[PDB]
Amino acid sequence: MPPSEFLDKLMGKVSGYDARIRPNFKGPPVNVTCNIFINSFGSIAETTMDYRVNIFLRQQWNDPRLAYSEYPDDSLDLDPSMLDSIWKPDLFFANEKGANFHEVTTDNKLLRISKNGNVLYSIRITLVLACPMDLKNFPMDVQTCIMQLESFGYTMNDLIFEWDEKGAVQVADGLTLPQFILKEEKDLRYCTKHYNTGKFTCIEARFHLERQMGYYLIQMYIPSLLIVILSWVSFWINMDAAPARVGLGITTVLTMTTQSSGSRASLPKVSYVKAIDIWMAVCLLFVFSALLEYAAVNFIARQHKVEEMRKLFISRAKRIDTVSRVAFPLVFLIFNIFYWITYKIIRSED
Amino acid sequence: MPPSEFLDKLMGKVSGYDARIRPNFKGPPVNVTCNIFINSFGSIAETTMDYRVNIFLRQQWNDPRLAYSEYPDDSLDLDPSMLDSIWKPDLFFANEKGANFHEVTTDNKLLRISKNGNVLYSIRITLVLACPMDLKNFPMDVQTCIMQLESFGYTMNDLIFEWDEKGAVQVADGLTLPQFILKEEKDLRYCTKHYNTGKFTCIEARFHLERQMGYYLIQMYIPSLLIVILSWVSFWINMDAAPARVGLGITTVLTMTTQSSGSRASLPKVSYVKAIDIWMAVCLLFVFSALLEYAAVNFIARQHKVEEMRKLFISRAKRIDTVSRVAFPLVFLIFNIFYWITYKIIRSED
Amino acid sequence: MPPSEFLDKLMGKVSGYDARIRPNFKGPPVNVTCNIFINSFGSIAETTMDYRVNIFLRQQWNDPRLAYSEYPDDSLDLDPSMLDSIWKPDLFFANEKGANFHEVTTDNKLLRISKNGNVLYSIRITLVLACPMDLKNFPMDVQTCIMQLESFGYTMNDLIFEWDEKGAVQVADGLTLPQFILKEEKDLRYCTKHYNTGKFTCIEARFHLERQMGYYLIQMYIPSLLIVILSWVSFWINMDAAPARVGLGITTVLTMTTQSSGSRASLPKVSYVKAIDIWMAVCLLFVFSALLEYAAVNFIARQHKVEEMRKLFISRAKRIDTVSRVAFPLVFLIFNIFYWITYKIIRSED
Amino acid sequence: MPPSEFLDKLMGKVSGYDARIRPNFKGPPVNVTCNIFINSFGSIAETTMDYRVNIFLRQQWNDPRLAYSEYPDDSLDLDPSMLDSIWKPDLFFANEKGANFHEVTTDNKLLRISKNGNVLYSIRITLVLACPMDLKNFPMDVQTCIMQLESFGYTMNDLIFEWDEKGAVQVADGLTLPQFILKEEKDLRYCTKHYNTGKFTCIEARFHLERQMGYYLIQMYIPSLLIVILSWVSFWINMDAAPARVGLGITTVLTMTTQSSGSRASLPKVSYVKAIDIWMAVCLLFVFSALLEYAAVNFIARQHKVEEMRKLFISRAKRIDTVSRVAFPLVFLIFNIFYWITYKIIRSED
Amino acid sequence: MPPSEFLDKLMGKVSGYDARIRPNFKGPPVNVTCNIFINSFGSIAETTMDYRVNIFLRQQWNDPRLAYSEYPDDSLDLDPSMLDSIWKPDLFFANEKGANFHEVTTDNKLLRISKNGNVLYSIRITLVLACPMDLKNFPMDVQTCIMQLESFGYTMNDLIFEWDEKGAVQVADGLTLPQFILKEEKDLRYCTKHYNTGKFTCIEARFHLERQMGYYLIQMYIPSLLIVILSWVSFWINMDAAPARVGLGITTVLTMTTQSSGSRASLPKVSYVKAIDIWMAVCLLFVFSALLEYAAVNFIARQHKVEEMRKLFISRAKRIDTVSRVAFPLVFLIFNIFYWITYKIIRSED
Ligand SMILES: *[C@@H]1O[C@H](CO)[C@@H](O)[C@H](O)[C@H]1NC(C)=O
Ligand SMILES: *[C@@H]1O[C@H](CO)[C@@H](O)[C@H](O)[C@H]1NC(C)=O
Ligand SMILES: *[C@@H]1O[C@H](CO)[C@@H](O)[C@H](O)[C@H]1NC(C)=O
Ligand SMILES: *[C@@H]1O[C@H](CO)[C@@H](O)[C@H](O)[C@H]1NC(C)=O
Ligand SMILES: *[C@@H]1O[C@H](CO)[C@@H](O)[C@H](O)[C@H]1NC(C)=O
């Protein structure tokens, strides 16, 4: 038998196969299993509120027609150039921007057909998908990003979408993200869609992302701690009143302010207050306190600037110094560890 | 009856249905009801003067042809591949940039037809639409953005566009905007269009947006208040003449100026003066006053630098200090609350 | 009579209408009237040297064919789907980048035909057009932007382009630009094109744009004036030699320099010197003078630092102070008003 | 004779003209003359390493077929809608990115045919072309940008490309570039291409660009000179040891550093050292020297701070001052003029 | 024999050549040799994690059909307009974004056919390819970028891809990269692909890139060294306690911090610590030490500020100075050379 003759008999003019009619017309809904392979992941930006993903969609369904039973083999790998004639289920993504195809040299498509009629359709598509991330806790946070596959034009009575029991989602080996660590959980559940026009099927896939704090710690926490320690020692040995003494505080003020402004750049605008803002606010309070104590001791010195009074004022000023000395490391220590442990337990609960 | 035979009889060669002729030719204008569903909203930028929206257009009209009365069911869900043969009303948007279609796997289209001839056309389109926002009051403002649907090629005698009496505009559940809060009002009115060529139908939909001031307050108001308070206390204990005393003022000057420059970055250029500019101007006036009073007390000290004269100059200088002390918090307090209450009442009127 | 039968008789196979032949072949040139409507304007950027415009092109010409005289009405509104068969005049823009079409739901096109043969073609196109603006005077300037319509493929003997006597250019009501004010003058003149291949027709439309200086004044002139006044008073009460006195000058130097650098950011690079540069240069000269006078009085004090000599040096130093006092406001006043009046008269002449 | 009948006889089914066969098959190579007109030029960016150009390609060749000799006129201006049937020579650009066509209203194309068979093909194309500029001397430099036209698919035995003897390259009148001045030289030479597959024809066009230094001088040279002069005078009158004296140097240090960082922004990264870097380095050396001399005189003063020794130390310190005084202007003068004259002669040689 | 008649006999209707069937059907897999020519390279950005490349793909395979043996010559250069009829092997790239074709004037394609049936297919394509660079050592690093060619739709039994024994990869003469130096090694190995659907052939090409450190050294190392030396000398002659002395340290602090922030701008965010960070950290430690020693000597002076005690405190303070003097150059010298030699040996091993 020649291949061409059979090939036109299967889906051509002698065949009564109209490509505008669903298989099993006036019958039970056509069940469709969907298997997705993630070729690549990444390019997630906080401002844009979306990520980039390259998938290999694969969907299988059954047809009562296109059952040959004439060649001795089980399956046939057909050309992807008559895919227009074969009926194709509609499938679009709800949180989707763009989503072009790939056409390098030839269109990237795959067609297979078995003896019973089970087909295999494979399409490569790069999707920009919108993820509504919540930045309540900026340095440490778990982000859930949603992929939705749903039927635009058919009701419940047709095109029921089902997941695959085994190996529903696969990932490429040695695939890494610079910023996040992917979690191998990938919980799958499906939520149907209700509209005034009708009720439409949908299936959902969920991915969990964990950020890496190493960059954040080196970029912000480590310099800020250095500034705090520097300020502490600078006043600790500072003596009486000198214009030079003021310089140590002045440098810290400006540098801390610039760092604070710099940190709130990449992130988009949100009403709620992030954790990094809290850390910046407390460090600003500490540096603001530094000036305060100086003003205080200067006021005591001003009152001092008779012999009977001098001893008490000089003593009171020194008392202010030693009390500042013991107080400043202690309250920062009891606060930062409290901050870290409370964030440590919230991530553990999440 | 086979589905294919009926399907070609309805809109094919045996049918006298020419797709270039409007239904009810030489007759009353074809009425069209339009229902819009907002799939997603967002990506509004002040500079660009436009926003991004993903809608689900739905338009219904009646045809005297395409009335089958042969299958026992009421409606038929047809394929979206013969939509070219069906006559389609022209519809374009006036404040429109771009507005591509979506073609993921298959074109996103929907076709339905009832027994009487009422059709249902559904198209997914992402529109970039221009909104002429007025920034007279920057931190608090209500913005109205306009969507216009109008007929490019037909006159009044044809293609009259009407709204839908019930559920004209729907919104997706759990849809949020990072910057703005959408108001559930959505007032609908229609304005016809007049041209030299003729008079063309149009319908309009209006959306109200309310900005969230939480980001603005934390970003700008809170640091500026801190700078003002710091400056106040800094001079409050400042004593006589020392080069060190000057430092407190110097830091504030530069930091305030940098913040003022930084704030006017995101916004585009406009002739009128924004509220934030007013707040920045008054704070700059306060810090400018700080230097002034110093210069004054230094001039009194310069005159002082004989015994009879010294008491009066020293007293006058101290008088200047205490008067500065009582005056500075009081006038800022009576001004900021006045500013807030006047803006509070203008938003209430708006 | 059926509409379809007439519709194919007019421009089909029974008709000898070849769409590759110009009307009035071997005859006088085909005159074409062009009417343009500006749907929207804006998005002008100085660096890119171009603007964005959305027009409604409309062109009318006569054909000896397509004269029906069979239906009792005067005109017919045809579908825009047989516009390919109708002969269309070539028309392109010389200072053009891009210029895509609009295809939302359906192509935006319009076809009309009268009894005599006068047709009406309407096309919506968004054009990015290059405007060679001259920035000799930056804050105040009038910019002329050119739109050119010309025939790519035909000579003088064919396709003569003429303007419309009445209402050649219309503008949408309530159309505004954030930066510029449009002038309702719109002078129209036409310049033919000469090439080695031949002579080609062209028509030109000119628009005048006037910038709004309110943003510029608030952004730059008002802070710079404040810095100048501050500097003036700061030295005015400055006494003898103190390291603190220097601070007043130091702050001004840096802030003025940063503002000067900031101002020359948006503008692209040009050889000639802008007006804003002149204003920045004079203010820099004033602040530079401030340091000078200080150095001078310090040199007199250094010579002073015997009793007979002290009186003359102290007097000379005070003389320098009072002379500085009277001189500094006077020369700035006689210069700034001179600057403003000369620019006021140049705009009036322009 | 009707135009349509002749028009289909020339390139249709009765004609044996196959559009897949080169003219003069099994014969001498088809010679092609190429004339280029530069409609616009500009948009050159140093980082991207490419420029934007809008050309009017024009190529002429001879065909033995398509020789009519039946109409009494010499040439015919055909429609650009049967250009697909006419055989067209392949032509692509080697240093090419993008290069789309223009389709405003109608495709921009031109067809002409003479009695002998000489055709004229005109195509409008905007090309982004890569120019490998060498930035050895940044402020003054001559840049050569290359345009290459070559045959992708044919060997030497076919499609020989020749230039045009007269008026090979034309430029539009009144065409200017904001940054560069075009030179009216435009030397043309051709270099053939060798590959493993075969030898392919190519022709090359060269353009020379001269930068304008006016922006660079005002932006960088003039402020830097002002800073140098200021520093010079500031120390020149500086007296003994005062903390205030230090301020004059401190301001210069920071401002010079910021300017130095600012200048190296637009330019991309290169291994070799630019001229502007040299100028920045020498000015940094001068300001660095300023601090040095201060440290020296302070060390002499420190040793001074017995009567016999005081006279010699005070004298030595004053000697250091006067020597600094004479030395500093002289060495800057003998260096800057040397720098300018050596660059003046290198541009003259180039 | 006419060329047209043979041309349609080879791949037309009289020929039984179906373009949907692979050559050697039901036979051994079709071997394909692939030769790639790199027309241009460059535009590599660290953030995007990808590079731009313009290649000339060339693939050869054998067909049992299309064996003419009728013209006396060996090969024929066909038109690229019947390339659709010829069967073409599928080929796509795995680490691929975009990859459009080039269509300037005509499509860039090449067709050749020999007497035996060996064909030659040439396609020009610009590919954006993702390179997973590792920035463990930023200033000096070798980067490997991967190109993968693989068969989308066929299994092992068909379309085996083989490399070319001689001249597999060629590069254009005089091709340079501004940032990197290409290594003439280009090791080629192939790795097959395993999927649930089946096993698919692939081949890989590897390129090695070496960065040039000249820009980095001038941009960062040279200024930082200057700051370190300046700081060293500044304290080296600094005397006792003066507010002026503090200035030398203050300037360094701010400038070093700004440089440190500036350096970490171009690079994207990564968890691990780069070499440049280490160098910045050590320089920050040195400048931080500068303040420390000052505080120490000031504390000794404070204790000093009775005659018996004064000699020991003054001596101890001077001892601190001389010890600082000998210590500071020595430890920087023993550290920087150690840093350079360890990086020198790691690059040599790599
Ligand atoms: C799809 O599956 C459901 C439940 O398993 C079944 O009731 C229905 O008949 C199936 N439809 C088919 C096989 O077309
Ligand atoms: C549309 O509605 C108007 C007013 O209800 C009516 O006069 C007109 O006949 C309608 N046109 C139709 C039904 O085609
Ligand atoms: C166009 O107008 C000119 C001048 O009015 C006239 O000479 C010419 O015949 C006209 N061409 C037509 C009507 O085709
Ligand atoms: C092209 O020119 C060359 C040299 O002038 C000549 O030998 C060749 O025959 C020409 N080819 C033609 C006219 O086809
Ligand atoms: C391809 O090469 C392999 C090994 O050289 C060989 O076994 C196979 O038959 C070849 N396939 C062909 C020539 O189609």
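Residues numbered from 1 in each chain as written, not as in the entry; some residues may be left out. Chains lettered and ligands numbered in written order. Heavy atoms only, no water. Residues with missing side-chain atoms left out of burial classes, pairs and counts.

Q: So what exactly am I meant to see when it comes to the site of ligand 5 here?
A: Residues and elements named next belong to chain E. Residues in contact with ligand 5, as listed here, are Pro-28, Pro-29 and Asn-31. Measuring from an oxygen atom of ligand 5, one finds a side-chain N or O atom of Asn-31 at 2.4 Å. Coverage of ligand 5 by the protein chains reaches 35% of its 360 Å² of free accessible surface. (Near = heavy atom within 4 Å. Polar contact = N/O pair within 3.5 Å; in protein donor to acceptor, adjacent residues only side chain to side chain. Areas by Shrake-Rupley, 256 points an atom, 1.4 Å probe, with all protein chains shown as cover.)

Q: What is the right way to look at the domain arrangement of chain A in this model?
A: One widely used convention gives an interface's size as the accessible area the parts lose upon coming together. Residue and element names in this part refer to chain A. Domain parsing of chain A yields domain 1 (1-212) and domain 2 (213-350). A separation of 56 Å is found between the C-alpha centroids of domain 1 and domain 2. The interface of domain 1 with domain 2 comprises 12 residues on the first partner and 17 residues on the second. With both sides pooled, the region where domain 1 packs onto domain 2 buries about 1400 Å², and carbon together with sulfur makes up 69% of that total. (Domains from an automatic or database assignment. Contact = heavy atoms within 4.5 Å. Buried area = accessible area lost by both parts, 1.4 Å probe.)

Q: Quick question: what am I supposed to make of the interface of chain C and chain D here?
A: Of the residues lining the interface, 37 residues belong to chain C; the matching set on chain D comes to 41 residues. Of the roughly 3700 Å² buried where chain C meets chain D, counting both sides, 64% is carbon and sulfur surface. Looking at the side of chain C facing chain D, the largest losses of area belong to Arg-20, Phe-152 and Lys-269 of chain C, adding up to 20% of the total buried there. The interface formed by chain C and chain D contains two salt bridges. A salt bridge links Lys-26 of chain C to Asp-73 of chain D, with the nearest nitrogen and oxygen atoms 3.5 Å apart. Looking at which element gives the most residues to the side of chain C that touches chain D, the answer is helix α4 (residues 275-304) of chain C, with six residues. By residue class, the composition of the side of chain C that touches chain D is 23 nonpolar, six polar and eight charged. (Salt bridge = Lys/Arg side-chain N within 4 Å of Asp/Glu carboxyl O. Helix = DSSP H or I, 4+ residues; strand = E, 2+ residues; numbered from the N terminus. Nonpolar A, V, L, I, M, F, W, Y, C, P; charged D, E, K, R; others polar.)

Q: Which parts of the structure should I look at to understand the UniProt feature "disulfide bond" in chain A?
A: Residues and elements named next belong to chain A. Between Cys-131 and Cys-145, where UniProt places a disulfide bridge, the two sulfur atoms sit 2.0 Å from each other, close enough for the bridge to exist in this structure. In this pair, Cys-131 sits in the loop between β9 (119-130) and β10 (142-150) while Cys-145 sits in strand β10, placing the two residues 14 residues apart along the sequence. Across the pair, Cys-145 and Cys-131 agree in class, each one buried. The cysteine pair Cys-191 and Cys-202, annotated by UniProt as disulfide-bonded, shows a sulfur separation of 4.7 Å, at or beyond the 2.5 Å cut-off, so the bond is absent here. Within the secondary structure, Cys-191 is located in the loop between β14 (188-189) and β15 (193-194). Within the secondary structure, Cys-202 is located in strand β17 (residues 202-211). (Disulfide = S-S within 2.5 Å. UniProt positions renumbered as here; feature names shortened; annotations may be inferred. Buried < 20%, exposed > 50% of the residue type's maximum accessible area, 1.4 Å probe, protein only.)

Q: Explanation requested: the site of ligand 3 in the structure shown.
A: Taken together, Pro-28, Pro-29 and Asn-31 of chain C make up the full set of residues adjacent to ligand 3. Side-chain polar atom of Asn-31 of chain C to an oxygen atom of ligand 3: 2.4 Å apart, as the coordinates give it.

Q: So what exactly am I meant to see when it comes to the packing of helix α2 (residues 214-236) of chain D against helix α5 (residues 307-349) of chain D here?
A: In helix packing, the relevant descriptors are the interaxial angle and the interaxial distance, both defined with respect to the helix axes. Residues and elements named next belong to chain D. Between α2 and α5, whose axes approach to 10 Å, the crossing angle comes to 165°. Taken together, α2 and α5 sit at an angle that is classed as roughly antiparallel. The two elements α2 and α5 cross, and the hand of that crossing is left-handed. The segment α2 lies against α5, with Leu-217, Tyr-221, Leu-225, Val-228, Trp-232 and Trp-236 engaging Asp-321, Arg-325, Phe-328, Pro-329, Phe-332, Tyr-339 and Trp-340. Of the residues assigned to the contact of α2 with α5, the class counts are 11 nonpolar, no polar and two charged. (Axes fitted to C-alpha atoms, helices over the stretch in contact; angles between N-to-C directions. Parallel < 35°, antiparallel > 145°, perpendicular 65-115°, else oblique. Left-handed = near helix turned anticlockwise from the far one by under 90°.)

Q: How do you make sense of the packing of aromatic side chains when you look at a structure like this?
A: The geometry of an aromatic ring pair is captured by the separation of the ring centres together with the interplanar angle, meaning the angle of the planes. Tallied over the full model, the rule gives 105 aromatic pairs over all chains. A ring pair is formed by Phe-37 of chain A and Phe-56 of chain A, whose centres lie 6.0 Å apart and whose planes are at 65°; its orientation type is edge-to-face. One end of the pair, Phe-37 of chain A, is in strand β1 (residues 32-45); the other, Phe-56 of chain A, is in strand β2 (residues 50-60), and 19 residues separate them in sequence. With centroids separated by 5.8 Å and ring planes inclined at 80°, the aromatic side chains of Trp-61 of chain A and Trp-87 of chain A adopt a geometry described as edge-to-face. Of this pair, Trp-61 of chain A sits in the loop between β2 and β3 (75-78) while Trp-87 of chain A is found in the loop between β3 and β4 (92-93), placing the two residues 26 residues apart along the sequence. Members of the aromatic cluster, each reached through a chain of ring pairs, are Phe-37 and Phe-56 of chain A together with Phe-92, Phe-152, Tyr-195 and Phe-200 of chain E. Just above the ring of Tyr-195 of chain B sits the side chain of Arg-58 of chain C; from NZ or CZ to the centre is 6.0 Å. (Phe/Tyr/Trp six-rings, centres within 6.5 Å; stacked < 30°, edge-to-face > 60°. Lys NZ or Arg CZ within 6 Å of the ring centre and 35° of its normal.)

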